[PDB]
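A.B. asks: Show me how the following folds:
(chains A and B)
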2 protein chains.
Amino acid sequence: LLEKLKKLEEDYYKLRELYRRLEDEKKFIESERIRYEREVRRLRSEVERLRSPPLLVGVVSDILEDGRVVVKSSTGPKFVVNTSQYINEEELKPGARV
Amino acid sequence: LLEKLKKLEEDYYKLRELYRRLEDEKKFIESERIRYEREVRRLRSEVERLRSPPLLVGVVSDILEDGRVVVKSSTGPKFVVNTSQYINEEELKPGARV
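C.D. replies: Residues are numbered from 1 along each chain as shown, chains lettered A, B, ... in the order given. Sharing the structure here:
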């Protein structure tokens, strides 16, 4: 009957369009993936320019609890300086070369 | 009549099914997107932390009553410095390393 078909036609149309727009949103996210991946590469490169020469000799004179480390530069000036996640406080002891 | 309605109705369902298939695959790329997004956040931090922007060390070798404090730096020279209102010169005395 005409009535039946007409109702089914409506329901499957809106359901088609629901899914279509979910497709488009997830398709452009494929581009967003590429962009973040590039940025994963990029930031890693900055880790390397840091570590690369020139490098300077220091010796940990002591560790301070104000969240700084006292380092005697071989150059001269003593300075209180920050640590990161790659450095452990297990590593650190008075007189540790750095 | 009922034939005309059945053809439009069929088409709509067939293209709904196409979308459902394509959805699942770009959802997978979404997963990769998330992972690479965490690393972009995490890496940024590790360069900032490794850089460790410093402070100089000095020792209050003399004190003035002009609100200036003459502080022998760990560089060598003696310098004339300005004291902060976090740390008063009521709390700085000769021999206090600063």
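A.B. asks: does residue A:4 count as helix, strand or coil?
C.D. replies: Classification of residue A:4 by DSSP: H, G, I helix; E, B strand; the rest coil places it in helix.
A.B. asks: How about stretch A:86-96 and chain B, any contact?
C.D. replies: Yes - using Cβ under 8 Å from any Cβ of the partner chain, stretch A:86-96 reaches chain B at residue A:86. C-beta coordinates here come from the backbone N, C-alpha and C atoms, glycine included.
A.B. asks: which other residues reach that stretch?
C.D. replies: The contact list for stretch A:86-96, computed with Cβ atoms under 8 Å, 6 or more residues apart in numbering or on different chains, reads A:59, A:60, A:61, A:62, A:63, A:69, A:83, B:46, B:50.
A.B. asks: let's see 6 Å
C.D. replies: Contact partners of stretch A:86-96, identified using Cβ atoms under 6 Å, 6 or more residues apart in numbering or on different chains, comprise A:60, A:62, A:63.
A.B. asks: What separation is there between the second one and residue A:82?
C.D. replies: Right, residue A:62. Per Cβ to Cβ, to the nearest Å, residue A:62 is found 15 Å from residue A:82.
A.B. asks: Can you tell me, leaving aside adjacent residues, what's nearest to residue A:1?
C.D. replies: Among residues not flanking residue A:1 along the chain, residue B:2 sits closest, at 7.4 Å (Cβ to Cβ, 6 or more residues apart in numbering or on different chains).
A.B. asks: ok, that neighbour - how many residues close by?
C.D. replies: If you count neighbours by other Cβ atoms under 10 Å in any protein chain shown, residue B:2 ends up with 11.
A.B. asks: Around chain B, which positions in chain A sit nearby?
C.D. replies: Residues of chain A lying close to chain B by Cβ under 6 Å from any Cβ of the partner chain are A:2, A:5-6, A:8-9, A:12-13, A:15-16, A:19-20, A:22-23, A:26-27, A:29-30, A:32-33, A:36-37, A:39-40, A:43, A:46, A:50, A:77-82, A:84.
A.B. asks: List buried members of those residues by neighbour count.
C.D. replies: Among those, those scoring as buried are A:5, A:8-9, A:12-13, A:16, A:19-20, A:22-23, A:26, A:29, A:33, A:36-37, A:39-40, A:43, A:78-82 (criterion: 16 or more other Cβ atoms under 10 Å in any protein chain shown).
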